[PDB]
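What follows is one structure encoded as structure tokens, with my remarks underneath.
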Amino acid sequence: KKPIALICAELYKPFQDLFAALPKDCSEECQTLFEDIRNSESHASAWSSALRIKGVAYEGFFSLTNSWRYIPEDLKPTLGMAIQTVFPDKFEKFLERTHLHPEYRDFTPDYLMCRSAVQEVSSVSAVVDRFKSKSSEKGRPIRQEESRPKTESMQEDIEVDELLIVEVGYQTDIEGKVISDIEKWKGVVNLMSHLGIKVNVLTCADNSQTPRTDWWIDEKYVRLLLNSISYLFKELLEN
Amino acid sequence: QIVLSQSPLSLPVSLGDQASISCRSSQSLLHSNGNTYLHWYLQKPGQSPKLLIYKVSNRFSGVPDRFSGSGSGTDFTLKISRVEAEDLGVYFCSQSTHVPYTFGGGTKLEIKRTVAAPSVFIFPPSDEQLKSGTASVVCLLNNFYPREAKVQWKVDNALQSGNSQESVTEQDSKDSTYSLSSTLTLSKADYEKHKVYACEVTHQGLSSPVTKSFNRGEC
Amino acid sequence: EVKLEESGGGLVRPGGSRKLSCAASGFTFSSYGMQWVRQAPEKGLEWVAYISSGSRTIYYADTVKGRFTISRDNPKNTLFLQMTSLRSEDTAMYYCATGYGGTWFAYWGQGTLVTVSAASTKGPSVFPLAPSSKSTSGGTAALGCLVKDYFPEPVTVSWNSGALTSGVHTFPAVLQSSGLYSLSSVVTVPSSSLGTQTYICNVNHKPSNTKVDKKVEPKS
Ligand SMILES: [Mn+2]
Ligand SMILES: [Mn+2]
């Protein structure tokens with residue numbers, strides 16, 4: 001019965017609360033998408049836009065939760081960009097070993113950080129332990145892999161640069177999300193091991209049935225998503 | 001699971017001479033961080049091991065400068081420029097580039113000295129032990145060099161096997177000799193069934209094998 | 001002064017468990033990785049386990065995997081090794097060690113002896129090795145003591161309460177097929193002193209709280 005514009009009208013408050021709490025670039029992109037929904041002419045157009053809001057907003061709240069920078073997809077660095085700027089002395093041999101798999105160079109994770117446009121973090125190991133802790137405490141599916149040349153041991157007498165590669169998501173099939181993510185990045189990790197480059201890859205996911213205290217984002221942010229985008233999806237179907 | 005192969009197994013060297021000990025790795029010990037984690041240790045007799053050299057060639061603080069290390073990749077060498085009496089013991093290389101951390105098998109540094117033939121002594125069983133139903137006969141090879149020696153037991157000229165055991169001391173710190181005990185154990189009944197108990201000793205310091213013996217019913 | 005001091009060794013039956021400790025001093029313990037290394041009697045060195053400064057990274061020798069646990073308590077400057085499902089092959093001197101800045105073994109403890117066996121603790125029988133013309137050479141006579149069938153290992157021998165040290169040779173123990181140990185101690189002395197100087201071998205076996213003083217005199 002209800003037209004789409006009227007659906008957006010009814011959820012004015014929830015969406016105004018959502019936009020107010022997202023990081024600035026993330027909020028703007030969601031606001032544009034919301035007006036695409038408001039002015040949508042086809043049900044397929046609205047749903048696709050809602051899908052974009054779901055993923056973009058979730059990433060904004062993942063960033064806030066972790067005190068990380070939200071990066072719009074257009075500004076997200078690729079793997080090749082990370083090797084170029086963080087491990088320049090190995091970039092040429094990175095190119096050679098990617099000749100049979102050149103799409104590796106263009107892999108663009110949600111977050112691509114390095115230890116102190118690649119973002120900097122204070123400790124990679126702390127993030128990994130955070131993820132492994134919540135996986136072990138709350139049963140949350142993750143996948144994790146670290147590169148390792150041969151059977152090399154960690155060392156105490158020198159520091160090396162390292163990368164942390166994180167994939168996040170908001171979607172129903174949580175197990176499938178992390179299984180497919182780690183599978184996609186497995187070849188890169190093996191490659192990194194052969195280059196002597198230390199990397200960790202992390203993947204995790206939430207869905208709308210995850211207990212509110214158990215998400216990878218702060219519970220306050222869970223309510224904002226459920227009160228806005230999640231109802232929007234409900235209301236798009238009914239009407 | 002790097003295998004470290006040391007050579008030689010035993011190294012006799014005169015005081016004041018140079019010694020060289022080799023450690024070969026089954027794969028390269030170059031770590032991706034650019035360092036090579038091959039290290040060298042000495043275990044003196046009865047003591048805990050002691051670090052000499054770390055990461056191929058860095059002498060550990062306080063270690064005498066007669067010790068040095070070199071090498072790269074899979075081939076490494078420990079040198080003692082001028083051997084001192086206190087360098088007696090077992091030298092080990094070990095690696096910590098890869099997990100598991102692994103050790104070489106050990107090289108025993110021996111202080112060379114002039115040949116010394118053993119003094120050979122024999123001890124019948126004590127009456128106290130014999131009352132208990134057992135008879136141990138002890139043959140002692142005292143203060144000899146080099147270490148190679150052969151000791152066998154003959155009871156009424158029949159060679160014994162399966163009833164003796166031997167033990168050798170560490171090279172003496174002051175005179176650089178070895179001593180060896182060989183102990184023949186018989187039941188009391190077996191012991192009293194025979195007369196001649198003989199220890200036969202072969203050592204390069206002797207002009208021929210020496211048989212030291214006693215007759216049971218004699219003193 | 002950097003020091004590492006192990007404790008907790010002793011005798012365990014096969015299948016059993018034991019926990020070792022290592023007390024560290026002289027350096028900021030919590031900043032450095034710590035390790036265990038062992039040495040079976042008369043054999044070479046064998047690395048056991050590694051634990052990073054903040055316990056994040058742990059490595060084990062394949063022969064102890066699923067049986068041993070390494071851990072530490074940084075506020076208490078203590079390193080631990082929990083051993084379970086012990087086997088006779090685990091019998092060894094256990095050392096703690098650290099690189100104090102690397103994965104090499106720069107500092108070592110004095111070690112603590114773990115014996116895995118079902119033999120029961122037993123003090124030695126001590127028998128004289130009497131001097132005779134069959135143990136004499138020149139102006140020199142040899143005598144000694146047979147230290148038979150004790151367990152577990154640690155045994156100490158002295159002569160005349162430690163006063164007689166020149167010419168003493170105490171041999172390394174041999175593990176017998178029975179599961180007990182035996183050794184001899186010998187000494188060479190002037191043959192002129194026989195019958196005027198008394199010779200006593202003093203045998204201490206702390207694990208059984210046994211002390212034996214055996215006088216050794218010429219066989220008559
Ligand atoms: Mn993405
Ligand atoms: Mn994603």
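Numbering starts fresh at 1 for the residues of each chain in the structure tokens, the chains themselves are lettered A, B, ... in the order given, and ligands are numbered from 1 as they appear.
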Proximity check chain A to ligand 1, 12 Å, nearest pairs one decimal Å, only C-alpha atoms and all ligand atoms, as CSV:
```
residue,atom,partner,partner_atom_place_in_ligand_line,distance
A:52,CA,ligand 1,1 (Mn),11.2
A:55,CA,ligand 1,1 (Mn),8.6
A:56,CA,ligand 1,1 (Mn),9.2
A:58,CA,ligand 1,1 (Mn),11.1
A:59,CA,ligand 1,1 (Mn),8.8
A:70,CA,ligand 1,1 (Mn),11.6
A:71,CA,ligand 1,1 (Mn),10.1
A:72,CA,ligand 1,1 (Mn),9.6
A:73,CA,ligand 1,1 (Mn),7.1
A:74,CA,ligand 1,1 (Mn),10.5
A:75,CA,ligand 1,1 (Mn),11.5
A:76,CA,ligand 1,1 (Mn),8.7
A:77,CA,ligand 1,1 (Mn),10.8
A:78,CA,ligand 1,1 (Mn),10.8
A:107,CA,ligand 1,1 (Mn),9.5
A:108,CA,ligand 1,1 (Mn),6.7
A:109,CA,ligand 1,1 (Mn),5.3
A:110,CA,ligand 1,1 (Mn),4.3
A:111,CA,ligand 1,1 (Mn),8.1
A:112,CA,ligand 1,1 (Mn),10.6
A:165,CA,ligand 1,1 (Mn),11.1
A:166,CA,ligand 1,1 (Mn),9.2
A:167,CA,ligand 1,1 (Mn),6.6
A:168,CA,ligand 1,1 (Mn),7.4
A:169,CA,ligand 1,1 (Mn),8.0
A:170,CA,ligand 1,1 (Mn),11.0
A:177,CA,ligand 1,1 (Mn),11.7
A:181,CA,ligand 1,1 (Mn),10.4
A:203,CA,ligand 1,1 (Mn),10.9
A:205,CA,ligand 1,1 (Mn),12.0
```
Show me, as a ChimeraX atom specification, the residues of chain C whose atoms get within 10 Å of chain A, using only C-alpha atoms for the distance check. /C:31-33,52-53,56-57,59,99-104
Just the residues within 9 Å of region 50-67 of chain B, please, counting only C-alpha atoms, with nothing from its chain fewer than 2 positions along; format it as a PyMOL selection string. (chain B and resi 35-44+47-48+69-72+76-83+95) or (chain C and resi 104-108)
Env of residue 169 (chain B): 7 Å cut, atoms = only C-alpha atoms, seq-sep filter 3 positions within chain, self excluded. Answer as a ChimeraX atom specification. /B:178-180 /C:171-172
Let's have the selection written as an mmCIF file, in the first residue's frame, with C-alpha atoms.
```
data_model
loop_
_atom_site.group_PDB
_atom_site.id
_atom_site.type_symbol
_atom_site.label_atom_id
_atom_site.label_comp_id
_atom_site.auth_asym_id
_atom_site.auth_seq_id
_atom_site.Cartn_x
_atom_site.Cartn_y
_atom_site.Cartn_z
ATOM 1 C CA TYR B 178 91.161 -40.810 32.048
ATOM 2 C CA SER B 179 90.302 -43.618 34.406
ATOM 3 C CA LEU B 180 87.993 -46.523 33.703
ATOM 4 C CA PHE C 171 82.972 -42.855 38.396
ATOM 5 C CA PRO C 172 79.708 -41.841 36.714
#
```
Could you name the residues that touch region 165-167 of chain C at 9 Å or less, counting only C-alpha atoms, but leaving out those on the same chain fewer than 3 positions away, as an MDAnalysis selection string? chainID C and resid 158:160 162 186:189
Please produce a file of the residues just selected, as a compact mmCIF listing (two decimals), in the first residue's frame, where the atoms kept are N, CA and C atoms.
```
# COMPACT_ATOMS: atom_id res chain seq x y z
N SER C 158 82.72 -38.87 49.30
CA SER C 158 83.94 -38.21 49.71
C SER C 158 84.78 -39.24 50.45
N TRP C 159 86.03 -38.88 50.71
CA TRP C 159 86.96 -39.75 51.40
C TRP C 159 87.48 -39.01 52.63
N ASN C 160 87.43 -39.69 53.77
CA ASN C 160 87.84 -39.09 55.05
C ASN C 160 87.18 -37.72 55.24
N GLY C 162 86.03 -35.59 53.21
CA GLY C 162 86.49 -34.53 52.33
C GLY C 162 87.97 -34.18 52.43
N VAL C 186 87.32 -44.62 43.83
CA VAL C 186 88.64 -45.17 44.07
C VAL C 186 89.59 -44.03 44.41
N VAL C 187 90.69 -44.39 45.07
CA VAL C 187 91.73 -43.42 45.41
C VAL C 187 93.05 -44.17 45.45
N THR C 188 94.10 -43.51 45.00
CA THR C 188 95.45 -44.06 45.14
C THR C 188 96.18 -43.28 46.22
N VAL C 189 96.87 -44.00 47.10
CA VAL C 189 97.52 -43.43 48.28
C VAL C 189 98.91 -44.06 48.39
```
With 6 Å as the cut-off and only C-alpha atoms counted, what is the closest atom pair between each nearby residue of chain A and chain B? Distances in Å to one decimal, ordered by chain and number, as JSON lines.
```
{"residue": "A:151", "atom": "CA", "partner": "B:98", "partner_atom": "CA", "distance": 5.2}
{"residue": "A:152", "atom": "CA", "partner": "B:98", "partner_atom": "CA", "distance": 4.2}
{"residue": "A:153", "atom": "CA", "partner": "B:98", "partner_atom": "CA", "distance": 5.1}
{"residue": "A:196", "atom": "CA", "partner": "B:32", "partner_atom": "CA", "distance": 5.2}
```
Selection export as a compact mmCIF listing (two decimals), in the first residue's frame, atoms kept: C-alpha atoms:
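To be explicit, this is the file written out as selection_4.txt:
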```
# COMPACT_ATOMS: atom_id res chain seq x y z
CA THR A 151 58.90 -22.24 9.95
CA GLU A 152 60.46 -18.95 11.10
CA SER A 153 60.28 -17.94 14.77
CA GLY A 196 59.29 -12.35 3.79
```
Show me which bits of chain C are within 9 Å of chain B, counting only C-alpha atoms, as an MDAnalysis selection string. chainID C and resid 43:49 59:62 95 103:111 125:137 142:143 146 169:174 183:184 186 219:220
Would you save the residues of that selection, restricted to N, CA and C atoms, as a CSV table (one decimal), in the first residue's frame?
```
chain,number,residue,atom,x,y,z
C,43,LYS,N,73.9,-37.1,27.6
C,43,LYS,CA,73.4,-36.8,26.2
C,43,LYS,C,73.5,-35.3,25.9
C,44,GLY,N,73.1,-34.9,24.7
C,44,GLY,CA,73.1,-33.6,24.3
C,44,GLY,C,71.9,-32.7,24.8
C,45,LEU,N,71.9,-31.5,24.4
C,45,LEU,CA,70.9,-30.5,24.8
C,45,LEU,C,69.7,-30.6,23.8
C,46,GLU,N,68.5,-30.4,24.4
C,46,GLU,CA,67.2,-30.5,23.7
C,46,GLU,C,66.3,-29.4,24.1
C,47,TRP,N,66.0,-28.5,23.2
C,47,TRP,CA,65.1,-27.4,23.5
C,47,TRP,C,63.7,-27.9,23.8
C,48,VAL,N,63.0,-27.3,24.8
C,48,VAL,CA,61.7,-27.8,25.2
C,48,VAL,C,60.6,-26.8,24.9
C,49,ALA,N,60.7,-25.5,25.2
C,49,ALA,CA,59.6,-24.6,25.0
C,49,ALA,C,60.0,-23.2,25.1
C,59,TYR,N,55.9,-21.7,21.8
C,59,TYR,CA,56.3,-22.7,21.0
C,59,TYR,C,56.7,-23.9,21.8
C,60,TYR,N,56.5,-25.1,21.2
C,60,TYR,CA,56.9,-26.4,21.9
C,60,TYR,C,57.7,-27.3,21.0
C,61,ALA,N,58.6,-28.0,21.5
C,61,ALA,CA,59.2,-29.2,20.9
C,61,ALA,C,58.2,-30.2,20.6
C,62,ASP,N,58.3,-30.9,19.4
C,62,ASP,CA,57.2,-31.8,19.0
C,62,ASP,C,57.1,-33.0,20.0
C,95,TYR,N,66.6,-27.0,32.5
C,95,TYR,CA,67.1,-25.6,32.7
C,95,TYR,C,66.1,-24.6,32.2
C,103,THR,N,66.4,-14.6,21.0
C,103,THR,CA,66.0,-16.0,21.1
C,103,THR,C,67.1,-16.9,21.4
C,104,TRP,N,68.3,-16.5,21.5
C,104,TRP,CA,69.5,-17.3,21.9
C,104,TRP,C,69.4,-17.5,23.4
C,105,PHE,N,70.2,-18.5,23.9
C,105,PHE,CA,70.2,-18.8,25.4
C,105,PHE,C,71.4,-18.2,26.0
C,106,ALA,N,71.3,-16.9,26.4
C,106,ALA,CA,72.4,-16.1,27.0
C,106,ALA,C,72.6,-16.4,28.5
C,107,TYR,N,71.5,-16.7,29.2
C,107,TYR,CA,71.6,-16.9,30.7
C,107,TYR,C,70.8,-18.3,30.9
C,108,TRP,N,71.4,-19.1,31.8
C,108,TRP,CA,71.0,-20.4,32.1
C,108,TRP,C,70.9,-20.6,33.6
C,109,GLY,N,69.9,-21.4,34.1
C,109,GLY,CA,69.9,-21.8,35.5
C,109,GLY,C,70.9,-22.9,35.8
C,110,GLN,N,70.9,-23.3,37.0
C,110,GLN,CA,71.7,-24.4,37.4
C,110,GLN,C,71.0,-25.7,37.1
C,111,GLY,N,69.7,-25.7,36.9
C,111,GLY,CA,69.0,-26.9,36.4
C,111,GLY,C,68.4,-27.6,37.6
C,125,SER,N,74.0,-50.0,49.0
C,125,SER,CA,74.8,-50.9,49.7
C,125,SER,C,76.3,-50.5,49.4
C,126,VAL,N,77.1,-50.4,50.4
C,126,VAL,CA,78.5,-49.9,50.2
C,126,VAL,C,79.5,-51.0,50.6
C,127,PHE,N,80.3,-51.4,49.6
C,127,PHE,CA,81.2,-52.5,49.9
C,127,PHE,C,82.7,-52.0,49.7
C,128,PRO,N,83.6,-52.4,50.5
C,128,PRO,CA,85.0,-51.9,50.3
C,128,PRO,C,85.7,-52.6,49.1
C,129,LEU,N,86.6,-51.8,48.5
C,129,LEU,CA,87.5,-52.3,47.5
C,129,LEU,C,88.9,-52.3,48.2
C,130,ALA,N,89.2,-53.4,48.8
C,130,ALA,CA,90.4,-53.3,49.7
C,130,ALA,C,91.7,-53.3,49.0
C,131,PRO,N,92.7,-52.5,49.4
C,131,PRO,CA,94.0,-52.6,48.8
C,131,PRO,C,94.7,-53.9,49.0
C,132,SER,N,95.5,-54.3,48.0
C,132,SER,CA,96.2,-55.6,48.1
C,132,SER,C,97.4,-55.5,47.2
C,133,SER,N,98.2,-56.5,47.1
C,133,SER,CA,99.3,-56.5,46.2
C,133,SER,C,98.8,-56.5,44.7
C,134,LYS,N,97.6,-56.9,44.5
C,134,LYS,CA,96.9,-56.8,43.2
C,134,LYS,C,96.4,-55.4,42.9
C,135,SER,N,96.5,-54.5,43.8
C,135,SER,CA,96.1,-53.1,43.6
C,135,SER,C,97.3,-52.1,43.9
C,136,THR,N,98.5,-52.6,43.9
C,136,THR,CA,99.7,-51.9,44.2
C,136,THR,C,100.6,-51.7,43.0
C,137,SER,N,101.3,-50.6,42.9
C,137,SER,CA,102.2,-50.3,41.9
C,137,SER,C,103.3,-49.3,42.4
C,142,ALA,N,96.0,-48.6,45.4
C,142,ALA,CA,94.7,-48.2,45.1
C,142,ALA,C,93.7,-48.9,46.0
C,143,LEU,N,92.6,-48.2,46.4
C,143,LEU,CA,91.5,-48.8,47.2
C,143,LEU,C,90.3,-48.0,46.8
C,146,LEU,N,82.6,-49.7,46.4
C,146,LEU,CA,81.5,-50.0,45.5
C,146,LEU,C,80.2,-49.5,46.1
C,169,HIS,N,89.0,-40.8,42.2
C,169,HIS,CA,88.2,-40.9,41.0
C,169,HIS,C,86.9,-41.5,41.4
C,170,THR,N,85.8,-40.7,41.3
C,170,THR,CA,84.4,-41.3,41.5
C,170,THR,C,83.8,-41.4,40.1
C,171,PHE,N,83.4,-42.6,39.7
C,171,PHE,CA,83.0,-42.9,38.4
C,171,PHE,C,81.5,-42.4,38.2
C,172,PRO,N,81.1,-42.0,37.0
C,172,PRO,CA,79.7,-41.8,36.7
C,172,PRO,C,78.9,-43.1,37.0
C,173,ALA,N,77.7,-42.9,37.5
C,173,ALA,CA,76.8,-44.0,37.7
C,173,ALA,C,76.4,-44.7,36.4
C,174,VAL,N,76.1,-46.0,36.5
C,174,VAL,CA,75.5,-46.7,35.4
C,174,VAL,C,74.1,-47.1,35.9
C,183,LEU,N,77.9,-47.4,41.3
C,183,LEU,CA,79.1,-46.8,40.9
C,183,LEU,C,80.2,-47.2,41.8
C,184,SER,N,81.5,-46.9,41.5
C,184,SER,CA,82.6,-47.1,42.4
C,184,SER,C,83.3,-45.7,42.6
C,186,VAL,N,87.3,-44.6,43.8
C,186,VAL,CA,88.6,-45.2,44.1
C,186,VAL,C,89.6,-44.0,44.4
C,219,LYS,N,93.1,-56.2,53.0
C,219,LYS,CA,92.6,-57.5,53.1
C,219,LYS,C,93.6,-58.4,53.8
C,220,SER,N,93.2,-59.0,54.9
C,220,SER,CA,94.1,-59.9,55.6
C,220,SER,C,93.8,-61.4,55.3
```
Neighbour list for residue 74 (chain B) as a short mmCIF file (atom, residue, chain, number, x, y, z; two decimals) with C-alpha atoms, in the first residue's frame, cut-off 8 Å, only C-alpha atoms, skip fewer than 4 positions in-chain:
```cif
data_model
loop_
_atom_site.label_atom_id
_atom_site.label_comp_id
_atom_site.auth_asym_id
_atom_site.auth_seq_id
_atom_site.Cartn_x
_atom_site.Cartn_y
_atom_site.Cartn_z
CA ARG B 24 76.45 -27.26 9.11
CA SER B 25 72.74 -26.48 8.80
CA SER B 26 70.26 -28.49 6.72
CA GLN B 27 68.65 -25.24 5.48
CA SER B 28 69.71 -21.61 5.53
CA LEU B 29 69.66 -19.89 8.92
#
```
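Taking CA of residue 162 (chain A) and CA of residue 135 (chain A) as the two end points, the separation is 23.1 Å.
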Find the residues around residue 174 (chain A) up to 8 Å (only C-alpha atoms counted), leave out those fewer than 3 positions away in its own chain, and share them as a PDB file with N, CA, C and O atoms, in the first residue's frame.
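Output saved as part.pdb:
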```
ATOM      1  N   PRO A 141      31.892 -16.265  14.758  1.00  0.00           N
ATOM      2  CA  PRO A 141      32.779 -16.818  13.720  1.00  0.00           C
ATOM      3  C   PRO A 141      33.772 -15.785  13.209  1.00  0.00           C
ATOM      4  O   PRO A 141      33.391 -14.692  12.783  1.00  0.00           O
ATOM      5  N   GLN A 171      25.539  -9.144   7.183  1.00  0.00           N
ATOM      6  CA  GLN A 171      24.827  -9.992   6.232  1.00  0.00           C
ATOM      7  C   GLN A 171      24.456 -11.312   6.895  1.00  0.00           C
ATOM      8  O   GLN A 171      25.084 -11.743   7.865  1.00  0.00           O
ATOM      9  N   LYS A 177      30.450 -15.798   4.926  1.00  0.00           N
ATOM     10  CA  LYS A 177      31.223 -14.577   4.723  1.00  0.00           C
ATOM     11  C   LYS A 177      32.686 -14.783   5.094  1.00  0.00           C
ATOM     12  O   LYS A 177      33.582 -14.417   4.329  1.00  0.00           O
ATOM     13  N   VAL A 178      32.954 -15.362   6.272  1.00  0.00           N
ATOM     14  CA  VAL A 178      34.338 -15.435   6.734  1.00  0.00           C
ATOM     15  C   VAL A 178      35.098 -16.553   6.026  1.00  0.00           C
ATOM     16  O   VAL A 178      36.294 -16.417   5.747  1.00  0.00           O
ATOM     17  N   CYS A 204      35.333 -11.095   9.807  1.00  0.00           N
ATOM     18  CA  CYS A 204      34.252 -11.285  10.767  1.00  0.00           C
ATOM     19  C   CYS A 204      32.971 -10.741  10.145  1.00  0.00           C
ATOM     20  O   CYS A 204      33.018 -10.019   9.147  1.00  0.00           O
ATOM     21  N   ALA A 205      31.820 -11.090  10.735  1.00  0.00           N
ATOM     22  CA  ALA A 205      30.543 -10.597  10.219  1.00  0.00           C
ATOM     23  C   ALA A 205      29.462 -10.621  11.299  1.00  0.00           C
ATOM     24  O   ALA A 205      29.511 -11.420  12.241  1.00  0.00           O
ATOM     25  N   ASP A 206      28.476  -9.737  11.139  1.00  0.00           N
ATOM     26  CA  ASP A 206      27.296  -9.675  11.986  1.00  0.00           C
ATOM     27  C   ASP A 206      26.039  -9.844  11.139  1.00  0.00           C
ATOM     28  O   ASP A 206      26.042  -9.613   9.927  1.00  0.00           O
ATOM     29  N   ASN A 207      24.955 -10.264  11.784  1.00  0.00           N
ATOM     30  CA  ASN A 207      23.646 -10.231  11.147  1.00  0.00           C
ATOM     31  C   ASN A 207      22.643  -9.736  12.175  1.00  0.00           C
ATOM     32  O   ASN A 207      22.976  -9.536  13.349  1.00  0.00           O
TER      33      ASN A 207
END
```
Can you list every residue in region 137-187 of chain A that DSSP puts in strand (DSSP E), as an MDAnalysis selection string? chainID A and resid 142:146 162:167
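Taking the backbone of this structure through DSSP, the residues of chain B that come out as alpha helix (DSSP H) are residues 127, 128, 129, 130, 131, 188, 189, 190 and 191 of chain B.
Between CA of residue 141 (chain B) and CA of residue 212 (chain C) the interatomic distance comes to 25.8 Å.
The residue that comes closest to residue 9 (chain C), out of C:98, C:88, C:115, C:209 and on the basis of only C-alpha atoms, is C:115.
CA of residue 34 (chain C) is found 21.5 Å from CA of residue 17 (chain C).
Remark: for ligand 2, the closest of the candidate residues A:24, A:54, A:198, A:1 is A:54 (distances computed over only C-alpha atoms and all ligand atoms).
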